[PDB]
Amino acid sequence: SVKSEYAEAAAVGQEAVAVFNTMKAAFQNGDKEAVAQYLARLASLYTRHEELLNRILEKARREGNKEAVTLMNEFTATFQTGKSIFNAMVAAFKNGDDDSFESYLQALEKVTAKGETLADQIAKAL
Ligand SMILES: NS(=O)(=O)c1ccc(F)cc1
């Protein structure tokens, strides 16, 4: 169902959380070779998650589940805000700009933290 597809999407999102915290530790420790690899892994995870979320939203639309569509439209908008912040972070790493990297890191944490009450609301709505 769309609901089991959301659980799969939720798991991929939690994998990115796990990899992110590992990456944050490696950044603080100055292990740039690890950070590079973790950023590549995160890019692949976010790409996957985005694809699953789009399929869920399109299916909710085809099902006429108006509440789930409303919540998913907002949640995807937020996801893109996290995605832009992540991409800026990747560029800061390429450029060697640790000050910007720290800034983007914290902002991506707070954006993700904010978008969690909605994530739970979607699970219940699908
Ligand atoms: N902030 S988030 O929604 O977890 C997110 C972070 C990075 C992405 F590339 C896409 C989404």
Side-chain angles (χ1 to χ4, degrees):
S1 72
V2 73
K3 204 171 298 180
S4 67
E5 289 152 3
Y6 189 66
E8 293 147 36
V12 175
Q14 285 313 108
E15 193 176 328
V17 167
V19 179
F20 175 92
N21 290 324
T22 310
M23 176 274 296
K24 174 185 180 175
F27 166 74
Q28 292 175 357
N29 291 328
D31 185 351
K32 306 182 64 160
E33 289 202 31
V35 171
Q37 288 176 250
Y38 297 134
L39 293 174
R41 184 65 152 201
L42 286 166
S44 175
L45 278 166
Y46 293 141
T47 292
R48 170 69 161 168
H49 196 188
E50 182 174 358
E51 212 259 311
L52 299 174
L53 289 168
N54 282 344
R55 286 158 39 172
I56 291 159
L57 167 61
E58 290 152 16
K59 182 171 203 157
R61 285 176 177 148
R62 289 191 306 271
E63 292 178 343
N65 184 339
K66 291 198 185 68
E67 187 54 45
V69 169
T70 299
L71 299 172
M72 275 292 301
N73 277 326
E74 298 169 332
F75 190 70
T76 57
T78 293
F79 177 99
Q80 295 291 329
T81 303
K83 177 178 170 182
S84 295
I85 295 165
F86 173 78
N87 288 340
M89 194 177 61
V90 171
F93 178 76
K94 176 189 180 181
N95 284 325
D97 177 0
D98 293 356
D99 167 74
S100 302
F101 194 91
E102 303 145 19
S103 178
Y104 290 130
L105 197 158
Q106 289 200 32
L108 179 64
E109 277 174 342
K110 294 170 187 175
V111 156
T112 298
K114 288 185 174 67
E116 283 324 315
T117 54
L118 185 56
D120 276 24
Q121 286 180 223
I122 290 163
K124 299 164 180 174
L126 284 175

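Below, each value reflects all heavy atoms present in this structure, side chains not excepted, and no hydrogens, waters or symmetry copies. One is the number of the first residue; the rest follow in order along the sequence. When a ligand or atom number is given, it counts from 1 through the structure's own listing order.
Relative ring orientation between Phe101 and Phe93 is described as tilted, the plane-to-plane angle lying within the 30° to 60° band.
Comment: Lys59 does not engage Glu63 in a salt bridge, judged by the lack of any side-chain N to carboxylate O separation of less than 4.0 angstrom. Between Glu15 and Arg48 there is no salt bridge, since none of the side-chain N atoms of the basic residue sits less than 4.0 Å from a carboxylate O of the acidic one.
Residues in residues 91-108 take part in these side chain to side chain donor-acceptor pair (under 3.5 Å) pairs, two or more places apart or across chains: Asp97-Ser100.
Under the side chain to side chain donor-acceptor pair (under 3.5 Å) criterion, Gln121 pairs with no residue at all, not counting sequence neighbours. For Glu50, the salt bridge (charged side-chain N to carboxylate O under 4.0 Å, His left out) partners at least two apart in sequence or on another chain are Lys83.
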N/O contact list for ligand 1, threshold under 3.5 Å:
| unit_1 | atom_1 | unit_2 | atom_2 | d |
| --- | --- | --- | --- | --- |
| ligand 1 | 1 (N) | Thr112 | OG1 | 3.2 |
| ligand 1 | 4 (O) | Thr112 | OG1 | 3.4 |

